[PDB]
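Student: One structure, pasted below without further comment.
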Amino acid sequence: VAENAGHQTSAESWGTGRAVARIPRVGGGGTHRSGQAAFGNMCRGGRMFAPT
Amino acid sequence: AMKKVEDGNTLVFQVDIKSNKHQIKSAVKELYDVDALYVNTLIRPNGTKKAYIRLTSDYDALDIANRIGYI
Amino acid sequence: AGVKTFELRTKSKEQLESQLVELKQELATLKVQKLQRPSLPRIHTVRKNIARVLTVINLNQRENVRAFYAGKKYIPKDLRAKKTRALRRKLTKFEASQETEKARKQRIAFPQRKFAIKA
Amino acid sequence: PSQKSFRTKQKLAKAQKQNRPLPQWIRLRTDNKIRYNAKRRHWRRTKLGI
Amino acid sequence: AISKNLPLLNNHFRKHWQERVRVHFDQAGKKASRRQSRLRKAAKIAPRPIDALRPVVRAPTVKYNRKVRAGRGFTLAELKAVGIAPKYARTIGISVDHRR
Amino acid sequence: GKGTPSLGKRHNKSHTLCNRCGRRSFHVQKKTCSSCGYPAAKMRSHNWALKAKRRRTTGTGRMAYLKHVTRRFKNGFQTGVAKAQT
RNA sequence: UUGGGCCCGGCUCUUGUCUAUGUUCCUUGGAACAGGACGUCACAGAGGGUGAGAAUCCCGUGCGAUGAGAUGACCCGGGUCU
RNA sequence: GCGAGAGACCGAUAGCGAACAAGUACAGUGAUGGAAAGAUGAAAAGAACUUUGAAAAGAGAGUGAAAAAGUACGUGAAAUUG
RNA sequence: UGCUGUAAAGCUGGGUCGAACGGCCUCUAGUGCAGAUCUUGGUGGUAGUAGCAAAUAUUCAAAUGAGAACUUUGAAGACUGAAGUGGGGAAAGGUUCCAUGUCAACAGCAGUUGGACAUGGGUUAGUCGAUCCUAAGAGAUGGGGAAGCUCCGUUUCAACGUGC
RNA sequence: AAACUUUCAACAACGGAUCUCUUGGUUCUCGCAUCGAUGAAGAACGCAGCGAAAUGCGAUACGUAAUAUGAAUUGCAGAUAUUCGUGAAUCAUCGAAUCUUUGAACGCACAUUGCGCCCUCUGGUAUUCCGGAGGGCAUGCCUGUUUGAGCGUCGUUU
Ligand SMILES: [Mg+2]
Ligand SMILES: [Mg+2]
Ligand SMILES: [Mg+2]
Ligand SMILES: [Mg+2]
Ligand SMILES: [Mg+2]
Ligand SMILES: [Mg+2]
Ligand SMILES: [Mg+2]
Ligand SMILES: [Mg+2]
Ligand SMILES: [Mg+2]
Ligand SMILES: [Mg+2]
Ligand SMILES: [Mg+2]
Ligand SMILES: [Mg+2]
Ligand SMILES: [Mg+2]
Ligand SMILES: [Mg+2]
Ligand SMILES: [Mg+2]
Ligand SMILES: [Mg+2]
Ligand SMILES: [Mg+2]
Ligand SMILES: [Mg+2]
Ligand SMILES: [Mg+2]
Ligand SMILES: [Mg+2]
Ligand SMILES: [Mg+2]
Ligand SMILES: [Mg+2]
Ligand SMILES: [Mg+2]
Ligand SMILES: [Mg+2]
Ligand SMILES: [Mg+2]
Ligand SMILES: [Mg+2]
Ligand SMILES: [Mg+2]
Ligand SMILES: [Mg+2]
Ligand SMILES: [Mg+2]
Ligand SMILES: [Mg+2]
Ligand SMILES: [Mg+2]
Ligand SMILES: [Mg+2]
Ligand SMILES: [Mg+2]
Ligand SMILES: [Mg+2]
Ligand SMILES: [Mg+2]
Ligand SMILES: [Zn+2]
C-alpha cells in the first residue's frame with residue numbers, strides 16, 4: 001500500500017470529557033469529514049494494521 | 001433602449017470594456033457616419049460596457065437605427 | 001467553410017486588408033441580425049474567415065522580415081530559434097569542438113588503432 | 001457597498017454569470033451524466049468571500 | 001527486556017531505518033541491461049577486443065602473498081623492455097600504469 | 001459578551017484578494033500574502049505542508065507552455081515546416 | 001606514424017502502409033458469443049469490441065516486407081575534392 | 001518529469017483524499033482544513049392514447065426477455081415499519 | 001423443505017434473481033467480531049411527546065383562486081409617535097432591486113403571497129466620490145549587517161536633475 | 001371477546017448490505033532527459049449558433065496555419081459547407097502563428113483597471129494643448145563604444 005495512506009490528515013484526539021472515544025478526529029468545520037475519526041485501523045479512511 | 005432611440009435621439013450600444021468615450025465617438029463616426037453630441041458610458045452587472053450615444057440634431061437616431069437594421 | 005488559405009496566399013497586403021474590412025462589416029451585420037434570429041450559425045464561418053485572413057497577413061509579413069534579416073548576425077529574438085533556455089545557453093558546435101594545439105598534436109600522433117587478436 | 005472597486009465588481013459579474021441553471025439540451029447528449037448544475041449559490045446562504 | 005539464556009544481540013535499528021531500505025528488485029533487469037550494454041559495446045568496435053590487456057601482479061599483505069591476480073597496467077619499464085611507448089600502447093589495447 | 005455580541009463587530013477585512021494568487025490572503029496592513037508570500041520574489045512554500053504544495057503546483061493550472069515541451073523534444077526541437085508528400 | 005570538407009549507405013531513434021482461417025447446419029434464447037455436428041488457420045489459441053464464455057465476425061496478435069523523416073567533431077563502409 | 005510493460009495487490013466504508021464537473025463542494029480573517037458521491041436496459045424502446053383529479057399523481061393501456069428493471073432504476077440483507 | 005456433523009459448518013426442496021462459480025491435492029494471507037464512551041452509514045423507543053406563549057390587535061365585506069385566519073382592494077379598529085416601526089447613508093452583502101410567471105423544496109401553521117423558484121429588464125457625471133495631498137505610519141535606493149531567508153536605515157560617510 | 005402488546009410467516013415499506021463487475025488506485029520493472037527575461041509554473045477575466053461546470057482556447061479566443069488522413073458532426077439547428085476531392089471531421093500529427101490582464105514580472109504605482117516621459121504617424125485652426133494608433137523607458141553584473149571627473153599622475157609653455 002502507499003506509504004502515507006491513511007496518514008494525510010492533521011487529526012488530533014479530542015481527549016476525554018466530550019463523551020466520545022479517544023480516537024484522533026479531523027479538525028476544522030464546514031465539511032462532513034470534520035470531527036470524523038482518523039489514523040486507526042478500525043477507522044474508515046485510516047491506514048490498515050501493519051501496512052504491507 | 002429603444003425608448004431612448006425614439007424619445008431622446010440616443011443610440012444604445014454594447015462597447016468593449018477597454019474603450020473610452022473618445023474612442024467610442026470616433027468609432028461611431030467611422031462606422032455609421034454620425035456625429036455624437038455625447039457618449040455616456042456604463043459597466044453593467046454582467047460585466048459588459050453599455051454606451052448611450054446622443055447624436056447631434058443633424059442626425060435622426062431612428063433613421064440610423066433602421067439603417068443598421070435593428071428597428 | 002469560408003475562404004481558402006491558398007487563394008489568400010496569392011493576394012497582396014491591400015487586397016487582404018480590404019477583405020478583412022469586408023469580413024468585419026459582415027460580422028457586424030450578422031451580430032445585428034442575431035438580435036432577432038437569434039440562432040445564427042454563419043457567425044462561426046465569418047469568425048474563422050477573419051482568423052484566416054489575419055493569420056495569412058501575419059505570416060506574409062513574417063517571411064518579409066525573415067528575408068530582410070537573412071544572413072545577418074543579429075536578428076529579432078522572435079525570429080531566432082526557440083528551443084529551450086538551456087539549449088540556447090549551450091556551446092555551439094564550433095565552440096565545443098575548439099581544441100588546443102597540444103591536444104590536436106597528441107590526437108593526430110596517437111589515434112585509436114584498429115586491430116584484432118589471434119593471428 | 002455602492003462604492004466598490006472594479007476588481008470587486010468584475011468578480012461579482014462572474015459570480016452572477018456562474019449562478020445559472022443547467023441548459024436543458026445538455027441532458028439529451030449521449031453519455032451525459034450531468035443532471036443539474038451542482039455549483040449553485042444563494043446570496044444569503046453561501047458568501048463569496050471576496 | 002533481557003530474558004532467558006539467549007545471545008545478546010546488536011540490532012542497529014534505532015534510527016529511521018525504513019527510509020533507507022534498498023531492495024534489489026531490479027537484479028534481473030540490471031543483469032539483462034548490463035548484458036545489452038556489453039553486446040552493444042562489443043559490436044560497435046568489433047573485431048577489436050573490448051578488454052585491454054592487463055598485467056599480472058602479486059597481491060599485497062602477508063595473507064595474499066601467495067595469490068597472483070590481474071593488475072591495473074603494465075609498468076613503463078615493462079613496456080620499455082618490449083619496445084612499446086605508453087602513448088602508443090594505450091591505442092593498441094594495452095593498459096599502462098605509471099604508478100607501479 | 002465575547003461570543004455572540006462580539007461576533008457582531010466583524011466588518012473590517014484583514015485580508016483582500018492577492019494579485020499573484022487571487023486567494024484573499026493579502027494582508028492589507030502587512031501588504032503581504034499569507035498564501036503565496038507576495039510581493040516576495042519567491043513563492044511561499046514549506047516542506048511541512050505537502051498538501052499545500054499539492055494544491056498549487058505544476059499541473060494544477062493550464063501549463064500553457066510546458067504542455068508542449070515533451071512533444072517538441074520528441075521531434076528534436078524542429079525548425080521549419082512540414083513538407084508535402086509528392 | 002599522419003590533415004580537412006561534402007555524397008551515398010549501414011547502425012540508432014521516431015513514424016506511415018501492407019497480411020491466415022466459418023459467421024456452415026440443429027437446439028435454447030430477446031440477442032449465440034452457449035450446447036451439439038462438420039470443419040479451417042496457426043511463427044497468429046495475447047488482449048479488446050460486438051445484444052451471454054468468440055483463435056476462426058471486427059480491431060488487433062504472429063511473421064515479416066517496404067516508404068518517410070530525423071540524428072551522431074567526438075560510430076564505420078565506401079566514394080569524391082583539396 | 002516523460003514514455004512503456006507488468007503483478008499470488010485493492011475492488012467503491014477497499015484502493016490515492018479524489019474510479020464521478022476532486023484538491024471539487026464547503027469551513028476558516030488567515031496559515032490551512034477538506035468530504036460525500038460508480039451500476040435501468042442489448043437498445044430509451046424513458047410509457048403514445050383513454051379516464052379520475054386543481055395539480056402531483058392514480059387507474060387502464062403501451063415498450064420491453066423482464067416494469068418482481070420506470071431514471072426515488074441491477075440484485076435489494078438487517079435494524080425499523082404497515 | 002429437510003438431511004448430515006458433538007461442533008465450527010456442509011448439503012438440499014421452494015421462492016427471488018441474472019453471469020459467473022465450485023469439489024478435491026497443495027500454496028498464500030490485509031482470513032472469522034457482541035462488546036473497544038470502537039469507525040462510517042442507517043434505524044428505533046422516547047413521540048404525534050416537549051413544544052411552536054416577549055415586542056397592545058385585530059374585524060367585516062368584495063376580488064382572485066381548486067382551495068383564503070395569513071394574497072389583493074375597500075371599510076374600520078389600533079400602534080410606532082420625529083432620540084420613529086419615518087426619510088437617507090458609512091462598513092458589510094452582491095442582484096436580494098423591477099416586471100412577468102410561478103409553488104416541488106424553503107418561509108419550524110398556511111400560502112394564490114415572498115428577500116424562495118424561473119425568465120427577462122435595470123445602475124448614464126467635466127461639477128457627487130475615487131483619483132491628488134500629507135497624518136500616525138509603511139517602504140524602495142546608496143550603503144552597512146547577516147550562511148542565508150533577509151535585517152537596519154529614509155537622505156542616512158552617495159559624483160543622486162529621465163532639471164527648468 | 002375486541003382493541004392493545006409480543007412472536008412468526010407472506011406480501012409491501014424503510015434502508016442500501018450482499019453478489020457480480022471496473023476507462024480508478026497501488027506496487028514492481030524497463031526506457032528516456034525536455035521549464036523560464038525568445039517571459040515559466042501559477043493567477044484573474046473572458047471566448048461556442050443555442051453552455052452553467054469539467055476540458056480546450058485568448059479579442060485570430062471549445063480555436064488560425066501547416067502535414068497526414070479521407071466522409072463525417074450529431075442534443076437540436078445551419079450554410080453565401082463538403083464527396084472519383086486543394087476535401088467533412090480530427091488536441092491524428094504539428095515544425096508556422098495568435099497568445100487579454102497578470103505573475104520571477106521590468107516606466108512609476110497598485111485595497112486604484114491611478115500617473116508619467118521619449119520616438120514615429122494621425123485628428124482637432126498646434127514643436128508646446130486635447131484625442132487616437134504603433135514602438136519604447138526595471139535592476140545587478142560582463143565585454144566593448146562614447147562622453148566625462150580627480151594637482152592620482154606623465155610630457156611641454158610662461
Ligand atoms: Mg485507506
Ligand atoms: Mg460613469
Ligand atoms: Mg448571515
Ligand atoms: Mg487590522
Ligand atoms: Mg463478451
Ligand atoms: Mg474511497
Ligand atoms: Mg475518502
Ligand atoms: Mg446501485
Ligand atoms: Mg428479471
Ligand atoms: Mg431487475
Ligand atoms: Mg431495485
Ligand atoms: Mg425485517
Ligand atoms: Mg447481465
Ligand atoms: Mg479450481
Ligand atoms: Mg484484519
Ligand atoms: Mg457489530
Ligand atoms: Mg468479545
Ligand atoms: Mg457504540
Ligand atoms: Mg453512530
Ligand atoms: Mg402539546
Ligand atoms: Mg416557551
Ligand atoms: Mg400612540
Ligand atoms: Mg420620545
Ligand atoms: Mg436607515
Ligand atoms: Mg421584490
Ligand atoms: Mg411552513
Ligand atoms: Mg405547504
Ligand atoms: Mg433568486
Ligand atoms: Mg468634487
Ligand atoms: Mg513620517
Ligand atoms: Mg526597509
Ligand atoms: Mg541595497
Ligand atoms: Mg461489492
Ligand atoms: Mg495496474
Ligand atoms: Mg489609494
Ligand atoms: Zn498570494
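Residue numbering restarts at 1 for every chain of the C-alpha cells, chains are lettered A, B, ... in their displayed order, and ligands are numbered from 1 as they appear.
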Could I get the residue neighbourhood of ligand 27 at 9 Å, counting only C-alpha atoms (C1' of nucleotides) and all ligand atoms, as a PyMOL selection string?
Tutor: chain I and resi 103+110-111
Student: Would you list the contacts of range 8-15 of chain C as JSON, numbers by chain, taking every protein, DNA or RNA residue within 9 Å and counting only C-alpha atoms (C1' of nucleotides), but skipping same-chain residues closer than 6 positions in sequence?
Tutor: {"C": [52, 53, 56, 57, 60, 61]}
Student: Which residue gives the smallest distance to chain J among B:35, B:16, B:63, B:58, with only C-alpha atoms (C1' of nucleotides) counted?
Tutor: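 Comparing B:35, B:16, B:63, B:58 against chain J, the winner is B:16.
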Student: Residues contacting ligand 30 - anything with an atom at most 9 Å away, using only C-alpha atoms (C1' of nucleotides) and all ligand atoms - can you give me those as a ChimeraX atom specification?
Tutor: /I:135-137
Student: Range 18-31 of chain A: which residues within 8 Å, counting only C-alpha atoms (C1' of nucleotides), same-chain residues fewer than 5 positions away excluded, as a list in words?
Tutor: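 Surrounding residues, per the criterion: residues 9, 10, 11, 12, 13, 36, 37, 38, 39 and 40 of chain A; 26, 27, 28, 33, 34 and 35 of chain H; 37 and 38 of chain I.
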Student: Taking only C-alpha atoms (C1' of nucleotides) and all ligand atoms into account, list the residues no farther than 8 Å from ligand 22, as a ChimeraX atom specification.
Tutor: /I:79-81
